Structure formats: structure tokens, C-alpha cells
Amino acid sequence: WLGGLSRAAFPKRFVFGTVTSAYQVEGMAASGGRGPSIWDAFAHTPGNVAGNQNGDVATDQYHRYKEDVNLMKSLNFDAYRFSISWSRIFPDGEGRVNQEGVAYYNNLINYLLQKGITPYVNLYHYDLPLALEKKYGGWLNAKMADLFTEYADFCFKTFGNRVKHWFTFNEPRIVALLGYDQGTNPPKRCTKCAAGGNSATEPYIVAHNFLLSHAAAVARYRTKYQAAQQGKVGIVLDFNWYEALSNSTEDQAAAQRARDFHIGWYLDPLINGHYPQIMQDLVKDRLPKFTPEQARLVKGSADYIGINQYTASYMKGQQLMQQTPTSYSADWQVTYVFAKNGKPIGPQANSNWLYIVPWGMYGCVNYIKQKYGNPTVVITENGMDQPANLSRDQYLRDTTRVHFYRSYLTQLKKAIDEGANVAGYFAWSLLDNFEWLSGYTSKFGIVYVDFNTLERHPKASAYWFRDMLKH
């Protein structure tokens, strides 16, 4: 069961929470004044999502939020990471405010605080207002810094007297990778893609604009709101672990190149004020240059670093070659490997990319501690999925998820006990929800959602957390 884990096994005041995102749980996608995001248009195109499903209703948290908050409190969590939908506040992404949308987040935030649950609020979670994509070209346009800052400003003004823990973005690497390299997420751009694109250049343009937009929003927070509000603003980054296939110079170099192209891409700017040296060397003039002033705005602009940690891969090296550029992915010059010494790195959850590798959590946290001067880290997502088509009972007996959290949290504890500055931990997800391309065929929740009736039923993993987290 608990394997020696409890609140006593983590630092004093360590924060435990659950996570959702707006599009994935809210529903009311085209109601309450909400304007469409790029994901509304994408999900409504036949063939884009499993079963042609979309987030129109999702879990209907929009109407059930008090139930869901009561549930998280009963499970002994301290905090709730959720996102604000940009197009629910500004249906066109700019200009007119949707007061009904504002009232919703006010009500949610107020109920959370009434129930002693700390709001950790993300401003952006894959859900660019469609109007901004069409008018400005979204994250390809440097104008996003101003547009996002004006959005962030409104949210600081409106909610910041109560909200003290902000994140700007969630996984800008995946936006760059899937939206602009592989072209499998909106705006579906890539070199060969019907929508247009260039997998060798656009992922880098997009990432740069995320970084500049983050820095601009934080500068605004610090100069205008911080003195009165006394809150903090961070950013959420995905980091999956990379382990050298062997101890050869070439495999070790490859594992490190992957770390740099994955997490260093954002962390080196945020902490050190420059892109990783290997990216400068390999990507060259396809990698934008921060001016000294921009680098100084970007450096130190995150009060904490959100890490989404799920899995680990073995990495195999090769001699670095002069190559015609094709994509961000090919720029790493690495070879993914999922077995060493005849054994897989881990069994898979429902998602093909998700190998259950608890030691990857220690890998990531230890690495950030040693390389980046031990910045304040929050584990902003960790979890695993069940497949579609199970019975209610099968969903509830999620013994693999129980084992997943015990193991991963034991490895996190190991890293913390070695001195890593980790302030909190958040389980993805509170609820089974809209899992993007997989739709409702992937179940990440500690609480089961019957998507016919919308009823919530805690799984064994929810009760595991309740037991582990009791005060």
C-alpha cells in the first residue's frame, strides 16, 4: 500500500495537488460566451481525434466544479492546478471581455479557497483562441508577446488578489514539436503538411516566442502587480528522462544532447539567459538569437519551474554529422532505444509513449538540481493511463496506477532527500478526461468519470492518496 510514504516523508509544507486543464475537463466549449480555440476547430474535423470526439462536454466540470472540489478536499490534497481558457475570457483573444467566463473562474477560485484548496493557475494550456491563429498566425508571430501579456495582465488584475501561484505556459516544447515539426497537433504545420510549414525552422520560431511572451508577462506582473499581490509566476515544461544506452563517450554524449534539446531548450534561457551551446552549434542560424536585453528579461523570469514528468528512454549515439536540416527532431542526431541488456526500460501504460520507469523521476529531478543551480521545482504533472472499454469496476481497481504513484513518489522522495529543491507534486489527473488525440479512449484520472452519465467514482489510487496524505 503506502510503502512508508506519508506527509511526514516529505518536507514540511510540501504541496500535494491534482491537475486538470480547461479544454480537457470544463465542457461548455461553445457556451457561456466562450469563443473557439484552435483545439475546438481541430477536434471538430472528422478523423482528427479518436472516435471524432471533442471537448464540447468533456467532464462538464463547468457545472460540477463544487462536486469536484469537495472530492479533492475529501482526498486530502492541498492544491489544485487548473487552467484558464483564454477564449472563455476573451472570445477573440483580444478586445471584448466575456463577463460570464470571468464569473466562472471567480466562482471556482472562491470555492477552492473556501474549501482550503490552493489554486495553482495556468494561463495557457494548448488552447490559443482561434481568432488569434487566423488573424496573427499564432505562435509564429512575435506579436504574441504583447497579446499574451495583455491577457495575462487582465487575469492578474481580476484574480491575482486571490491567486498567488501562476503558470504562464504548459509544455511549449510539445506545441513546437507536434504543431510545427510533426504537424500532428494544431495548427498541423510541417514541411510536407497541407497547412504549410517547415519542420526545420518553425519549431524554433515558436519556442522563442513562448520564451519572449513568458518574459514579457512576468515583467508586467513584477512591475505592476507583485507589490500589492505578492504572488509568483512560473512556467510548465515537459521533461522525460534520457539515459545513455552504454557508458561509451558517444552514447553519453547522445543522452546529453537529448536532455539539452528537450529541457535545456527552455531551462538554459530561463536560468542562464542563453540557449544550450549544443543547440547553438547544431541549429546555427535556424535558432533565433536573444538580444542582450531580451536574454536579461528571460533570465530569472520564472519563480519556480513546473516539470511534467512521465517516462524515460535509452539513448544511443553516433558520430556528429554535417547534415542538410530537415527538422527539430533530426537536429538532435540521436537514436532512441527502448531496450538495454535484452530488457525493456519499462512496461507501457495505455499510451504507447508512456513507459513506466520510476527511476526517470529521480533522473530528471537530480539532473535539474545538479545542472541548473537547484532551482525551485514543482512536479506539475505525473500519472499514467488505462485503456478504453473497461467496466466501471475495472477502472476502479487501478492497482497499476497505485504501484505507479508509490514507485514514482519514492523516487521523487529519494531526490528530495538528496537535496533537490522540490516544492510540490501534482497528479495528472484528478479526473478521466479528454486526452487530446486519444479523446476519451485514454483514462488518466485517480477519479473515474462515466462519460455516459458524467458520474464521478474515486479509484483505488484516489483512496491511496487519501490514506497517504492524511493530516
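So that there is no doubt, residue numbering starts at 1 and follows the sequence shown.
- When the two stretches 56-64 and 412-420 are set side by side, the higher mean Cα temperature factor goes to 412-420.
- The question of which stretch, 269-277 or 322-330, has the higher mean Cα B factor is settled in favour of 322-330.
- Comparing the listed residues 394, 309, 85, 352, the entry records the largest Cα B-factor for 394.
- Comparing the listed residues 81, 401, 296, 188, the entry records the largest Cα B-factor for 188.
- In the deposited entry, the Cα temperature factor of residue 452 places it in the highest third of its chain's modelled residues.
- Among the modelled residues of its chain, residue 11 has a C-alpha B-factor that falls in the highest third, as given in the PDB entry.
- Residue-level temperature factors show residue 76 in the middle third of its chain, judged at the C-alpha atom.
- Ranked by C-alpha B-factor against the other modelled residues of its chain, residue 363 falls in the lowest third.
- Ranked by Cα temperature factor within the chain, residue 100 sits in the middle third according to the deposited record.
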